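I have placed the structure first, in the form of structure tokens, so that the comments after it can refer back to it.
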Amino acid sequence: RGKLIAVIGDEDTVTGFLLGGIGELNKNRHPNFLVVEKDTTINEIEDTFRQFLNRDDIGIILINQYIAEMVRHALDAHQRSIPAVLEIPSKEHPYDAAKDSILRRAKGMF
Amino acid sequence: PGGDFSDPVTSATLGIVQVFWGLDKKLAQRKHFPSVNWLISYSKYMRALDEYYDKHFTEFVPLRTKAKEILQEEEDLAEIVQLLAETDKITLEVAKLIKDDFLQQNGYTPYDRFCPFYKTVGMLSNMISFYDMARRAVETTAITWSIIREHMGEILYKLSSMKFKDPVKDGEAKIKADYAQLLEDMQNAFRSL
Amino acid sequence: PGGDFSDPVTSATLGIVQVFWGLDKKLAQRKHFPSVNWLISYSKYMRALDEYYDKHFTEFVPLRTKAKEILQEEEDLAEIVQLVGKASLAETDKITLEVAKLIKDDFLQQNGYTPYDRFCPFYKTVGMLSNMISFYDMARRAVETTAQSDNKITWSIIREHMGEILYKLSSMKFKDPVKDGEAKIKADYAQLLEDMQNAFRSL
Amino acid sequence: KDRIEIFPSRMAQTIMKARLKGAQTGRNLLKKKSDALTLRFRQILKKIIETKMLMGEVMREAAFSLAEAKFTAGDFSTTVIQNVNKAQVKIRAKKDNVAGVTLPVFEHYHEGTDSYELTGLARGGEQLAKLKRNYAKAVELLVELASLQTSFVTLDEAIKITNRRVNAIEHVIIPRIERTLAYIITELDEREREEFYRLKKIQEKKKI
């Protein structure tokens, strides 16, 4: 209820998750998501990420792996409990199995 | 003396005197004259007087023990607080109220110049019944302490201001009635908690 | 005996003398040769000298005062540093810590065996103190002006921007009294002050 | 500073003994609390990587079902992305006070807005329903993992704070107290010895 999950991924992730149960337009007619394409650059990904961070009703952020690598500095610099950022691979992109900050902050793991 | 506990006079005196009361370590409040030092404050006449007490007052019999339990529990937990569950907070705030109201008698004002035993019984019964039905859990019975305080601040002020009922002009009946009304207010607050 | 101040000798002595210079062994163990405990020393002749300064060194009087409060605040903050690490203090606290460090390292340290510091003329001392307090004033003004800005300055930014100036501040005391006129030293100190003002203007 | 400033007296000794006992007990309790927090830290860390493997497997299953639906339908995605009105799954903020500090966790709160009948792209309704189910499971699993790691963050921050406090109490206060006690004992011994010497001298003179 209180929070609305955001998504930042290539077309197949976005269309799959919108049918999945999530996604929303606020009263201001603003997407809580973003479809990335090959033409997308880093700055607007960063801008939307920060806009979501300031948006109180995000809660949980799901982003693709390579997108996270585009704005890795934004993830590492920002440290808070509320914005639960995640990492998911796309269909053609291989499995994500490392370089996750949540594992990095717990260095004592494997 | 400078060496309160280490004075030879004090050591010899504690070997003879049947009933002794003493000041605690010299507190920040130099005017804390009615203090109490649980390390060495004791009596030796409980045995020869309980039979007399039973015929006049009987409510106090467990209350006198419970007050000591509360005070010693606070004394145990205080040093840990200085260096934190809500029940701890209830215990310490009750003990602070007891020290601030039951102790620290004025004497030089009429409203604490003298106190009949019945006035003490009533005020102590109210002050301890506050704790007897607030420690049954973090709630009223099995929220937090801050919630209890925010709910019953006026109650705490009235508990503190019990002291000012002057026995000189107010008879025993009137002070007892005021205390009982305050107890009923506390009960009403407990029901709404 | 034992380095303690409880023996009757010192207790009797302090009851008569008007000015006291306690020496702390810890400073001596870390090679801070003029080992003066500024925290406990006291002089009762602070009065009856204001007029001498009024006619010679009028500017000097508030400078030492300011130095005393910065050291006192450093002492009050030092234990909070000891039990609580850094990164929990405002920028004013950190810059005051740095200024205290600079005061200790340079204004207090004096090596009587070196040719350049075997004796300090008064004008050298007041010039140094003026330079240091001017630095503290400018830095505090810079941080407080940008306190409410979206680009608030931090101690690291200041240190990187003008670290060479900090080296100059540390090294100003390597000047002889002989083979170096007072005018030359004063000119160098004024030039350094002007460089500092330029560095603060550029920000 | 290495010696706490207080004049030697018997009551200084008693007060310092009491403070020593209190500090020792407080250190023990603080170490205990750190131990409990670290136990929880290890326990919730029993599996995030395995939940990550499960996330990957479920995501790939959903992607394969999406590929099948794409074969059946072709160009539903544009229709889906253009028409987004109201969310049918939202998140409830929740708290779990497992220790002295409170941890943030979340719940999969099914708000319940009706789904979208997509009956235009050759109408592979079976494929769309299967896709919706699979992505719903994926969302639930992802919410669970998010709650887990979100609590984990606050947990390890509290742990580091408590460990730092433990070290601070251990390596500073106690040595100072022990040094003060030794100094006090020495000074009292000196006073007693001096008194003994005075008494010896007065007896010596009295022998005449």
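Letters A, B, ... go to the chains of the structure tokens in the order shown; residues in each chain start at 1; ligands are counted from 1 in the same order.
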What are the residues of chain D lining chain C at 9 Å or less? Count only C-alpha atoms, and put the answer as a PDB file with C-alpha atoms, in the first residue's frame.
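out16.pdb, freshly written:
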ATOM      1  CA  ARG D 164      33.074   0.055  18.862  1.00  0.00           C
ATOM      2  CA  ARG D 165      31.417   0.907  22.180  1.00  0.00           C
ATOM      3  CA  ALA D 168      35.924   1.911  24.016  1.00  0.00           C
ATOM      4  CA  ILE D 169      34.713   0.758  27.423  1.00  0.00           C
ATOM      5  CA  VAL D 172      40.052   3.173  28.334  1.00  0.00           C
TER       6      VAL D 172
END
Polymer residues at most 10 Å from residue 58 in chain D, only C-alpha atoms, same-chain spacing of 5 or more positions, as a count of residues only
10
Neighbours of range 96-103 of chain D within 12 Å (only C-alpha atoms; same-chain residues fewer than 2 positions away dropped), as a VMD selection string?
(chain A and resid 81 to 82) or (chain B and resid 84 to 86) or (chain D and resid 30 32 to 41 44 93 to 94 105 to 107 147 to 159 161 to 162)
Considering only C-alpha atoms, give me a table of residues in chain D that are at most 7 Å from chain A, with the closest atom pair and distance in Å for each, as JSON lines.
{"residue": "D:60", "atom": "CA", "partner": "A:91", "partner_atom": "CA", "distance": 6.9}
{"residue": "D:63", "atom": "CA", "partner": "A:91", "partner_atom": "CA", "distance": 6.3}
{"residue": "D:77", "atom": "CA", "partner": "A:15", "partner_atom": "CA", "distance": 5.6}
{"residue": "D:80", "atom": "CA", "partner": "A:15", "partner_atom": "CA", "distance": 6.5}
{"residue": "D:81", "atom": "CA", "partner": "A:15", "partner_atom": "CA", "distance": 6.3}
{"residue": "D:84", "atom": "CA", "partner": "A:24", "partner_atom": "CA", "distance": 6.5}
{"residue": "D:85", "atom": "CA", "partner": "A:24", "partner_atom": "CA", "distance": 6.5}
{"residue": "D:86", "atom": "CA", "partner": "A:24", "partner_atom": "CA", "distance": 5.7}
{"residue": "D:87", "atom": "CA", "partner": "A:24", "partner_atom": "CA", "distance": 5.4}
{"residue": "D:88", "atom": "CA", "partner": "A:21", "partner_atom": "CA", "distance": 5.3}
{"residue": "D:89", "atom": "CA", "partner": "A:21", "partner_atom": "CA", "distance": 5.2}
{"residue": "D:90", "atom": "CA", "partner": "A:1", "partner_atom": "CA", "distance": 4.6}
{"residue": "D:91", "atom": "CA", "partner": "A:1", "partner_atom": "CA", "distance": 4.9}
{"residue": "D:92", "atom": "CA", "partner": "A:1", "partner_atom": "CA", "distance": 5.1}
{"residue": "D:93", "atom": "CA", "partner": "A:2", "partner_atom": "CA", "distance": 6.5}
{"residue": "D:109", "atom": "CA", "partner": "A:1", "partner_atom": "CA", "distance": 6.4}
{"residue": "D:111", "atom": "CA", "partner": "A:1", "partner_atom": "CA", "distance": 6.5}
{"residue": "D:132", "atom": "CA", "partner": "A:20", "partner_atom": "CA", "distance": 5.0}
{"residue": "D:135", "atom": "CA", "partner": "A:20", "partner_atom": "CA", "distance": 4.5}
{"residue": "D:136", "atom": "CA", "partner": "A:20", "partner_atom": "CA", "distance": 5.1}
{"residue": "D:146", "atom": "CA", "partner": "A:84", "partner_atom": "CA", "distance": 5.8}
{"residue": "D:150", "atom": "CA", "partner": "A:81", "partner_atom": "CA", "distance": 5.7}
{"residue": "D:153", "atom": "CA", "partner": "A:81", "partner_atom": "CA", "distance": 6.5}
{"residue": "D:154", "atom": "CA", "partner": "A:81", "partner_atom": "CA", "distance": 6.8}
Would you mind exporting the chosen residues as an mmCIF file, in the first residue's frame, restricted to C-alpha atoms?
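part35.cif, written as the output of this step:
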data_model
loop_
_atom_site.group_PDB
_atom_site.id
_atom_site.type_symbol
_atom_site.label_atom_id
_atom_site.label_comp_id
_atom_site.auth_asym_id
_atom_site.auth_seq_id
_atom_site.Cartn_x
_atom_site.Cartn_y
_atom_site.Cartn_z
ATOM 1 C CA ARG D 60 14.577 -17.222 -16.535
ATOM 2 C CA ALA D 63 11.566 -14.947 -19.590
ATOM 3 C CA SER D 77 4.175 -5.169 -25.243
ATOM 4 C CA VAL D 80 0.785 -3.064 -22.201
ATOM 5 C CA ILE D 81 3.283 -0.239 -21.781
ATOM 6 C CA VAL D 84 -0.936 1.700 -17.257
ATOM 7 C CA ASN D 85 -3.660 3.011 -14.950
ATOM 8 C CA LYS D 86 -3.557 1.617 -11.398
ATOM 9 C CA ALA D 87 -1.267 -0.743 -9.516
ATOM 10 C CA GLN D 88 -2.605 -4.165 -8.550
ATOM 11 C CA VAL D 89 0.212 -4.944 -6.078
ATOM 12 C CA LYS D 90 1.615 -2.528 -3.490
ATOM 13 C CA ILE D 91 3.986 -2.753 -0.510
ATOM 14 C CA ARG D 92 3.206 -2.335 3.190
ATOM 15 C CA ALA D 93 5.975 -0.877 5.331
ATOM 16 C CA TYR D 109 0.339 -6.415 0.214
ATOM 17 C CA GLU D 111 -3.872 -4.179 -3.167
ATOM 18 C CA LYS D 132 1.135 -13.089 -14.898
ATOM 19 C CA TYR D 135 5.885 -12.800 -12.615
ATOM 20 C CA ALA D 136 3.709 -12.643 -9.491
ATOM 21 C CA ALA D 146 14.432 -7.003 -0.379
ATOM 22 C CA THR D 150 17.039 -4.172 4.102
ATOM 23 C CA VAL D 153 21.764 -3.264 6.607
ATOM 24 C CA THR D 154 20.494 -1.762 9.862
#
If DSSP is run on the backbone, what residues of range 33-172 of chain D are strand (DSSP E)? A reply as a PDB file with N, CA, C and O atoms, in the first residue's frame would be ideal.
ATOM      1  N   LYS D  90       0.864  -3.560  -4.193  1.00  0.00           N
ATOM      2  CA  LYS D  90       1.615  -2.528  -3.490  1.00  0.00           C
ATOM      3  C   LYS D  90       2.338  -3.123  -2.289  1.00  0.00           C
ATOM      4  O   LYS D  90       2.206  -4.320  -2.011  1.00  0.00           O
ATOM      5  N   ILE D  91       3.093  -2.297  -1.569  1.00  0.00           N
ATOM      6  CA  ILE D  91       3.986  -2.753  -0.510  1.00  0.00           C
ATOM      7  C   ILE D  91       3.610  -2.062   0.789  1.00  0.00           C
ATOM      8  O   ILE D  91       3.429  -0.840   0.821  1.00  0.00           O
ATOM      9  N   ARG D  92       3.511  -2.842   1.858  1.00  0.00           N
ATOM     10  CA  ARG D  92       3.206  -2.335   3.190  1.00  0.00           C
ATOM     11  C   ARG D  92       4.503  -2.248   3.982  1.00  0.00           C
ATOM     12  O   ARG D  92       5.200  -3.254   4.155  1.00  0.00           O
ATOM     13  N   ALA D  93       4.828  -1.048   4.451  1.00  0.00           N
ATOM     14  CA  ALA D  93       5.975  -0.877   5.331  1.00  0.00           C
ATOM     15  C   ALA D  93       5.680  -1.509   6.685  1.00  0.00           C
ATOM     16  O   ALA D  93       4.583  -1.354   7.230  1.00  0.00           O
ATOM     17  N   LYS D  94       6.668  -2.215   7.226  1.00  0.00           N
ATOM     18  CA  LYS D  94       6.511  -3.002   8.439  1.00  0.00           C
ATOM     19  C   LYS D  94       7.785  -2.901   9.262  1.00  0.00           C
ATOM     20  O   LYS D  94       8.848  -2.542   8.753  1.00  0.00           O
ATOM     21  N   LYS D  95       7.665  -3.228  10.545  1.00  0.00           N
ATOM     22  CA  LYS D  95       8.775  -3.177  11.485  1.00  0.00           C
ATOM     23  C   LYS D  95       8.823  -4.463  12.296  1.00  0.00           C
ATOM     24  O   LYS D  95       7.781  -5.028  12.644  1.00  0.00           O
ATOM     25  N   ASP D  96      10.037  -4.920  12.592  1.00  0.00           N
ATOM     26  CA  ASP D  96      10.261  -6.124  13.387  1.00  0.00           C
ATOM     27  C   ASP D  96      11.363  -5.831  14.395  1.00  0.00           C
ATOM     28  O   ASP D  96      12.544  -5.798  14.036  1.00  0.00           O
ATOM     29  N   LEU D 103      14.181  -3.133  13.108  1.00  0.00           N
ATOM     30  CA  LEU D 103      14.642  -3.426  11.760  1.00  0.00           C
ATOM     31  C   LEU D 103      13.549  -3.115  10.741  1.00  0.00           C
ATOM     32  O   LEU D 103      12.366  -3.345  11.019  1.00  0.00           O
ATOM     33  N   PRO D 104      13.871  -2.593   9.555  1.00  0.00           N
ATOM     34  CA  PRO D 104      12.838  -2.422   8.525  1.00  0.00           C
ATOM     35  C   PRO D 104      12.653  -3.649   7.644  1.00  0.00           C
ATOM     36  O   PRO D 104      13.603  -4.193   7.076  1.00  0.00           O
ATOM     37  N   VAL D 105      11.396  -4.086   7.534  1.00  0.00           N
ATOM     38  CA  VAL D 105      10.983  -5.153   6.629  1.00  0.00           C
ATOM     39  C   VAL D 105       9.665  -4.752   5.972  1.00  0.00           C
ATOM     40  O   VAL D 105       8.984  -3.824   6.411  1.00  0.00           O
ATOM     41  N   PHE D 106       9.276  -5.509   4.946  1.00  0.00           N
ATOM     42  CA  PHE D 106       8.170  -5.182   4.054  1.00  0.00           C
ATOM     43  C   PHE D 106       7.280  -6.406   3.895  1.00  0.00           C
ATOM     44  O   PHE D 106       7.667  -7.525   4.234  1.00  0.00           O
ATOM     45  N   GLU D 107       6.073  -6.177   3.374  1.00  0.00           N
ATOM     46  CA  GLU D 107       5.095  -7.231   3.142  1.00  0.00           C
ATOM     47  C   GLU D 107       4.507  -7.094   1.746  1.00  0.00           C
ATOM     48  O   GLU D 107       4.266  -5.977   1.275  1.00  0.00           O
ATOM     49  N   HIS D 108       4.270  -8.231   1.093  1.00  0.00           N
ATOM     50  CA  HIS D 108       3.629  -8.259  -0.221  1.00  0.00           C
ATOM     51  C   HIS D 108       2.132  -8.050  -0.016  1.00  0.00           C
ATOM     52  O   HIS D 108       1.352  -8.991   0.158  1.00  0.00           O
ATOM     53  N   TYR D 109       1.728  -6.785  -0.033  1.00  0.00           N
ATOM     54  CA  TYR D 109       0.339  -6.415   0.214  1.00  0.00           C
ATOM     55  C   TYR D 109      -0.409  -6.362  -1.110  1.00  0.00           C
ATOM     56  O   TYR D 109      -0.245  -5.416  -1.886  1.00  0.00           O
TER      57      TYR D 109
END
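Interatomic distance, CA of residue 69 in chain C against CA of residue 56 in chain C: 24.0 Å.
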Report the closest atom pair, with its distance in Å rounded to one decimal, for each residue of chain D that has an atom no farther than 12 Å from chain B; count only C-alpha atoms, sort by chain and then rising residue number, and write it as a Markdown table.
| residue | atom | partner | partner_atom | distance |
| --- | --- | --- | --- | --- |
| D:8 | CA | B:3 | CA | 11.5 |
| D:9 | CA | B:3 | CA | 7.9 |
| D:10 | CA | B:3 | CA | 7.0 |
| D:11 | CA | B:3 | CA | 6.9 |
| D:12 | CA | B:3 | CA | 10.1 |
| D:13 | CA | B:6 | CA | 11.4 |
| D:14 | CA | B:5 | CA | 10.0 |
| D:15 | CA | B:25 | CA | 9.0 |
| D:18 | CA | B:79 | CA | 9.6 |
| D:19 | CA | B:79 | CA | 8.2 |
| D:20 | CA | B:79 | CA | 10.6 |
| D:21 | CA | B:79 | CA | 9.5 |
| D:22 | CA | B:79 | CA | 5.8 |
| D:23 | CA | B:83 | CA | 7.4 |
| D:24 | CA | B:80 | CA | 9.9 |
| D:25 | CA | B:80 | CA | 7.7 |
| D:26 | CA | B:80 | CA | 5.5 |
| D:27 | CA | B:83 | CA | 8.8 |
| D:28 | CA | B:80 | CA | 10.4 |
| D:29 | CA | B:80 | CA | 8.5 |
| D:30 | CA | B:80 | CA | 9.5 |
| D:33 | CA | B:84 | CA | 10.9 |
| D:97 | CA | B:85 | CA | 11.8 |
| D:99 | CA | B:85 | CA | 10.1 |
| D:100 | CA | B:84 | CA | 7.0 |
| D:101 | CA | B:84 | CA | 9.8 |
| D:165 | CA | B:83 | CA | 10.2 |
| D:166 | CA | B:83 | CA | 10.9 |
| D:168 | CA | B:83 | CA | 11.5 |
| D:169 | CA | B:83 | CA | 9.0 |
| D:173 | CA | B:83 | CA | 11.2 |
Write out, as a compact mmCIF listing (two decimals), in the first residue's frame, the residues just selected, with N, CA, C and O atoms.
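Ended up saving to selection_25.txt:
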# COMPACT_ATOMS: atom_id res chain seq x y z
N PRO D 8 42.99 11.20 47.73
CA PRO D 8 42.89 9.88 48.36
C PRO D 8 42.08 9.93 49.65
O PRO D 8 42.31 10.76 50.52
N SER D 9 41.12 9.01 49.75
CA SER D 9 40.37 8.80 50.98
C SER D 9 39.68 7.45 50.89
O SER D 9 39.55 6.87 49.81
N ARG D 10 39.24 6.94 52.05
CA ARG D 10 38.62 5.63 52.07
C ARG D 10 37.37 5.59 51.20
O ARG D 10 37.08 4.59 50.54
N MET D 11 36.62 6.70 51.17
CA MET D 11 35.38 6.70 50.41
C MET D 11 35.64 6.86 48.93
O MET D 11 34.86 6.37 48.11
N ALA D 12 36.76 7.49 48.56
CA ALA D 12 37.20 7.41 47.18
C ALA D 12 37.43 5.96 46.79
O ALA D 12 37.01 5.52 45.71
N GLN D 13 38.05 5.18 47.68
CA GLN D 13 38.30 3.77 47.38
C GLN D 13 36.98 3.02 47.21
O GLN D 13 36.82 2.26 46.25
N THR D 14 36.03 3.24 48.11
CA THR D 14 34.75 2.54 48.00
C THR D 14 34.02 2.93 46.73
O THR D 14 33.48 2.06 46.02
N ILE D 15 33.98 4.22 46.41
CA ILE D 15 33.27 4.69 45.23
C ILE D 15 33.90 4.11 43.97
O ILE D 15 33.20 3.67 43.05
N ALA D 18 32.96 0.48 43.57
CA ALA D 18 31.60 0.35 43.06
C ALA D 18 31.55 0.65 41.57
O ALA D 18 30.90 -0.06 40.79
N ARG D 19 32.25 1.71 41.14
CA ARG D 19 32.27 2.06 39.73
C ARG D 19 32.92 0.96 38.91
O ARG D 19 32.49 0.67 37.79
N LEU D 20 33.98 0.34 39.44
CA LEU D 20 34.62 -0.76 38.74
C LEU D 20 33.65 -1.91 38.54
O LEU D 20 33.56 -2.48 37.45
N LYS D 21 32.92 -2.27 39.60
CA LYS D 21 31.96 -3.37 39.47
C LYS D 21 30.88 -3.03 38.45
O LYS D 21 30.53 -3.87 37.60
N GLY D 22 30.35 -1.81 38.51
CA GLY D 22 29.32 -1.41 37.56
C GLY D 22 29.82 -1.43 36.13
O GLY D 22 29.13 -1.90 35.22
N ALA D 23 31.03 -0.92 35.90
CA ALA D 23 31.59 -0.92 34.56
C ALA D 23 31.80 -2.33 34.05
O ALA D 23 31.54 -2.62 32.88
N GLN D 24 32.28 -3.23 34.91
CA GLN D 24 32.47 -4.62 34.49
C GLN D 24 31.15 -5.25 34.08
O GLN D 24 31.06 -5.89 33.02
N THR D 25 30.11 -5.08 34.89
CA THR D 25 28.81 -5.65 34.55
C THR D 25 28.27 -5.05 33.25
O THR D 25 27.73 -5.77 32.40
N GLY D 26 28.41 -3.73 33.09
CA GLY D 26 27.95 -3.10 31.87
C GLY D 26 28.68 -3.62 30.65
O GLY D 26 28.07 -3.84 29.59
N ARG D 27 29.99 -3.82 30.77
CA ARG D 27 30.75 -4.40 29.66
C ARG D 27 30.24 -5.79 29.33
O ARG D 27 30.12 -6.14 28.15
N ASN D 28 29.96 -6.60 30.35
CA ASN D 28 29.47 -7.95 30.09
C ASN D 28 28.14 -7.91 29.34
O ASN D 28 27.96 -8.63 28.35
N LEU D 29 27.22 -7.05 29.78
CA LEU D 29 25.93 -6.97 29.11
C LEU D 29 26.07 -6.45 27.68
O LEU D 29 25.38 -6.92 26.76
N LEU D 30 26.95 -5.47 27.47
CA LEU D 30 27.13 -4.92 26.14
C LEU D 30 27.74 -5.96 25.20
O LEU D 30 27.33 -6.08 24.04
N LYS D 33 24.99 -8.26 24.21
CA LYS D 33 24.10 -7.70 23.19
C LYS D 33 24.75 -7.76 21.82
O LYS D 33 24.10 -8.10 20.82
N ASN D 97 10.98 -5.62 15.65
CA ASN D 97 11.92 -5.30 16.72
C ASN D 97 12.47 -6.60 17.29
O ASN D 97 11.98 -7.15 18.28
N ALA D 99 15.60 -6.96 18.38
CA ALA D 99 16.59 -6.67 19.42
C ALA D 99 16.27 -5.28 19.96
O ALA D 99 15.16 -4.77 19.78
N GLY D 100 17.24 -4.66 20.63
CA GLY D 100 17.03 -3.32 21.16
C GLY D 100 16.68 -2.31 20.08
O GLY D 100 15.96 -1.34 20.35
N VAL D 101 17.17 -2.52 18.86
CA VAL D 101 16.88 -1.64 17.74
C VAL D 101 15.83 -2.30 16.86
O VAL D 101 15.65 -3.52 16.85
N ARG D 165 31.65 0.53 20.79
CA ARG D 165 31.42 0.91 22.18
C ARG D 165 32.08 -0.07 23.15
O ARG D 165 32.63 0.34 24.18
N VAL D 166 32.02 -1.37 22.84
CA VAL D 166 32.64 -2.37 23.70
C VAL D 166 34.14 -2.11 23.81
O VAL D 166 34.71 -2.10 24.91
N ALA D 168 35.70 0.66 23.30
CA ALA D 168 35.92 1.91 24.02
C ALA D 168 35.85 1.71 25.52
O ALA D 168 36.70 2.21 26.26
N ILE D 169 34.84 0.98 25.99
CA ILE D 169 34.71 0.76 27.42
C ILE D 169 35.87 -0.08 27.93
O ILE D 169 36.38 0.15 29.04
N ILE D 173 38.50 2.97 30.19
CA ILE D 173 38.05 3.27 31.55
C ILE D 173 38.76 2.38 32.56
O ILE D 173 39.29 2.87 33.57
Would you mind listing what lies within 9 Å of range 39-43 of chain A as a VMD selection string, with only C-alpha atoms counted and same-chain residues fewer than 6 positions away left out?
chain A and resid 67 70 to 71
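The two atoms in question, CA of residue 140 in chain B and CA of residue 193 in chain B, are spaced 6.3 Å apart.
As for CA of residue 142 in chain D and CA of residue 49 in chain A, they are spaced 18.9 Å apart.
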Write out as a ChimeraX atom specification the residues lying within 10 Å of residue 48 in chain A, counting only C-alpha atoms and excluding same-chain residues fewer than 2 positions away.
/A:8,31-34,43-46,50-54
Would you mind exporting C-alpha atoms of the selected residues as an mmCIF file, in the first residue's frame?
data_model
loop_
_atom_site.group_PDB
_atom_site.id
_atom_site.type_symbol
_atom_site.label_atom_id
_atom_site.label_comp_id
_atom_site.auth_asym_id
_atom_site.auth_seq_id
_atom_site.Cartn_x
_atom_site.Cartn_y
_atom_site.Cartn_z
ATOM 1 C CA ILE A 8 14.404 0.123 -14.680
ATOM 2 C CA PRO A 31 6.080 6.849 -14.738
ATOM 3 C CA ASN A 32 7.474 4.950 -11.778
ATOM 4 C CA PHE A 33 9.672 3.027 -14.225
ATOM 5 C CA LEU A 34 11.853 3.442 -17.303
ATOM 6 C CA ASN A 43 22.781 10.801 -17.249
ATOM 7 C CA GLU A 44 19.035 10.212 -17.574
ATOM 8 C CA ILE A 45 19.287 6.843 -15.822
ATOM 9 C CA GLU A 46 21.042 8.688 -13.004
ATOM 10 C CA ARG A 50 17.729 10.124 -7.988
ATOM 11 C CA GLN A 51 14.148 11.246 -8.629
ATOM 12 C CA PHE A 52 12.995 7.853 -7.364
ATOM 13 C CA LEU A 53 15.282 8.182 -4.340
ATOM 14 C CA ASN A 54 13.659 11.482 -3.392
#
List every residue of chain A that DSSP, applied to the backbone, labels as helix (DSSP H, G or I), and write the result as a PyMOL selection string.
chain A and resi 11-20+42-54+65-70+72-77+101-104
Polymer residues at most 8 Å from range 144-159 of chain B, only C-alpha atoms, same-chain spacing of 2 or more positions, as a PDB file with C-alpha atoms, in the first residue's frame:
ATOM      1  CA  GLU B  86      10.640  -0.014  28.837  1.00  0.00           C
ATOM      2  CA  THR B  87       9.925  -1.871  32.084  1.00  0.00           C
ATOM      3  CA  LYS B  89      12.115   2.877  32.543  1.00  0.00           C
ATOM      4  CA  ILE B  90       8.899   2.341  34.515  1.00  0.00           C
ATOM      5  CA  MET B 127       2.379   5.941  44.896  1.00  0.00           C
ATOM      6  CA  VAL B 138       5.209  -3.080  29.090  1.00  0.00           C
ATOM      7  CA  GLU B 139       1.505  -2.323  28.623  1.00  0.00           C
ATOM      8  CA  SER B 161       1.626  17.379  44.394  1.00  0.00           C
ATOM      9  CA  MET B 162       0.094  15.034  46.982  1.00  0.00           C
ATOM     10  CA  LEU B 182      -6.696  10.743  42.630  1.00  0.00           C
ATOM     11  CA  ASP B 185      -8.438   9.060  38.328  1.00  0.00           C
ATOM     12  CA  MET B 186      -5.421   6.761  38.014  1.00  0.00           C
ATOM     13  CA  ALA B 189      -6.385   6.301  33.109  1.00  0.00           C
ATOM     14  CA  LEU B 193      -4.499   2.629  28.610  1.00  0.00           C
TER      15      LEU B 193
END
Env of residue 114 in chain C: 12 Å cut, atoms = only C-alpha atoms, seq-sep filter 6 positions within chain, self excluded. Answer as a PyMOL selection string.
chain C and resi 120+173-176
Go through B:30, B:191, B:56, B:66 and flag the residue nearest residue 141 in chain B, using only C-alpha atoms for the distances.
B:191
